[PDB]
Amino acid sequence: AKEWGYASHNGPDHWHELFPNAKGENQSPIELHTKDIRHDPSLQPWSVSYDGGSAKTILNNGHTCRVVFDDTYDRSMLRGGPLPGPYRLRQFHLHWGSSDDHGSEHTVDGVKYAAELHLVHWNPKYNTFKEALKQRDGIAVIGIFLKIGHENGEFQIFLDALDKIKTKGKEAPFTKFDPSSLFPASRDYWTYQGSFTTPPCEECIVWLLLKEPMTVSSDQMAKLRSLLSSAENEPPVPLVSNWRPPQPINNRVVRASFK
């Protein structure tokens, strides 16, 4: 089906075989280089108005842990930034690596973080999420890096639910959670246009990658990387990494919202 993964056999180098978008010219993630980035004084701040009550479920689909929100109407919204209008929060998920010294998808001046949080939104202008996938700005993602430090209390609440989704196919209720609670102090961001870092890798994403990383504990990162990609009874298989290697920037330009 959508069969894919991050192993050498089913991994990123092979995704284009079944998912031809993977080989596109506007793929993500990318390496950011500050020598190649300027402050764009025209970039506006962004804001969110999330309803914690819009949270619905948490699930393990075999290649990440995802929280899903009610996006049947304009409930939890993201606005401003380089966006043409308000976008609906649909879900958030994470990428991680096998140890703390890597795991992020994007990198900044060569630096890699322990993980990357992606909050996925879409533009109601396009009617549905599925149709939004066919527009270069259909989806808007808030990318947040995760760095090692002190335990994050807000992140802990999320981690406390992982026990319910240890294996692939597991899905459990997850309500009353405002993921804005995870955001760092600064709303400073970089932006550029790219794709999903997972198949089918549609080129429909406006990236709002935050300058400041959220901090979590090494211990929390261990919990995050304790999930399995196998189902309740099978041969336990660890899901220890799910980050995609950097793709060609081509002629795209990343912009900074901050001086």
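Numbering starts at 1 and follows the sequence shown.
Per-stretch averaging of Cα B factors for 144-152 and 88-96 places 144-152 on top. Mean CA B-factor, 162-170 versus 67-75: the higher value falls on 162-170. In this entry, the residue among 30, 201, 227, 214 with the greatest C-alpha B factor is 227.
Per the PDB record, residue ranking by Cα B-factor puts residue 210 in the highest third of the chain. Remark: residue 195 belongs to the lowest third of its chain, ranked by C-alpha B-factor as recorded. The entry lists a Cα temperature factor for residue 61 that places it in the middle third of the chain's modelled residues. When the modelled residues of the chain are ordered by their C-alpha B factor, residue 176 lands in the highest third. Among all modelled residues in this chain, the alpha-carbon of residue 112 has a temperature factor (C-alpha) in the highest third.
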